[PDB]
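By convention in this document, chain letters (A, B, ...) are assigned in the order of the sequence lines, proteins followed by strands, and residues within each chain are numbered from 1. Just so it is clear, the values below take in all heavy atoms, side chains as well, and ignore hydrogens, waters and symmetry mates.
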Amino acid sequence: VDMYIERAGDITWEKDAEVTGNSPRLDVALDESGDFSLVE
Amino acid sequence: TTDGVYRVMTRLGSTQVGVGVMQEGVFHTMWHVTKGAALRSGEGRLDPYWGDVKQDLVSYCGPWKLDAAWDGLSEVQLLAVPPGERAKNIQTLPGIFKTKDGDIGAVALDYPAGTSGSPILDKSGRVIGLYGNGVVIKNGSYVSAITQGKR
Ligand SMILES: NCC[C@@H]1CCCC1(F)F
């Protein structure tokens, strides 16, 4: 299984970016396997 | 070895399994993308150097170099590199993961799995973390932590 990388761009901020998405505030826990889960 | 954002590909045909960041000679991606396997870059090989399953992060060729953090107030940009698509910037105001150990920025953006490892940027262009470890809220909406390592 060949895993390989290809360059896709510079790391830059773009002044003309599409803007979208909410900003939810969530209670979460992070377990030993790196998995986030919701908490109540 | 050039600074930049990179696709992580696997092989019949090829498939994009994720994305990563080259900075200061070190390649940064998420553990779940590569599981720590070595990577080919042209005719050269990149060997894993550090990784941690709980943080879901791995670095190649040297220690983790990215250390900028979300300022908690400002919009950020996901520099998404989806499979089959040109790198593109998506601007958003992060929400928050509140945890017993402190708060983590989170972006409520849902891109294909092969986008995991895409960098999230602050206004100065610094990588404040990587996209693709997160949680699902209601109606199948995914929310990604802004996952940053330690330099
Ligand atoms: N291919 C082995 C993976 C290594 C050992 C644990 C950390 C690491 F991901 F770099």
Under 3.5 Å: donor-acceptor pair, side chain of B:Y60, backbone of B:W50: no
Would you find a donor on one side and an acceptor on the other, under 3.5 Å apart, between the side chain of B:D122 and the backbone of B:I128? no
Side chain B:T115, main chain B:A80, donor-acceptor under 3.5 Å: no
So what's closer than 4.5 Å to chain B heavy atoms on A:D31: side chain, backbone, both or neither? backbone
Is a donor from one side chain sitting under 3.5 angstrom from an acceptor on the other, for B:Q77 and B:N89? yes
Which one wins on heavy-atom pair count under 4.5 Å against chain B: A:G21, A:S37, A:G34? A:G34
Where does A:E32 contact chain B at under 4.5 Å (heavy atoms): side chain, backbone, both or neither? backbone
Using heavy-atom distances under 4.5 Å, tell me whether B:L109 contacts chain A through its side chain, its backbone, both, or neither. side chain
Any idea which of A:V1, A:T20, A:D35, A:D16 has the most non-hydrogen atom pairs under 4.5 angstrom with chain B? A:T20
Tell me, side chain or backbone of B:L78 under 4.5 Å from chain A's heavy atoms, or both, or neither? neither
Could you check whether B:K98 pairs with B:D101 (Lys NZ or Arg NE/NH1/NH2 to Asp/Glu carboxylate O, under 4.0 Å)? no
With a 4.5 angstrom heavy-atom cut-off, could you sort out which part of B:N133 is near chain A: side chain, backbone, both or neither? both
Contact origin within B:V53 toward chain A - heavy atom pairs under 4.5 Å: both
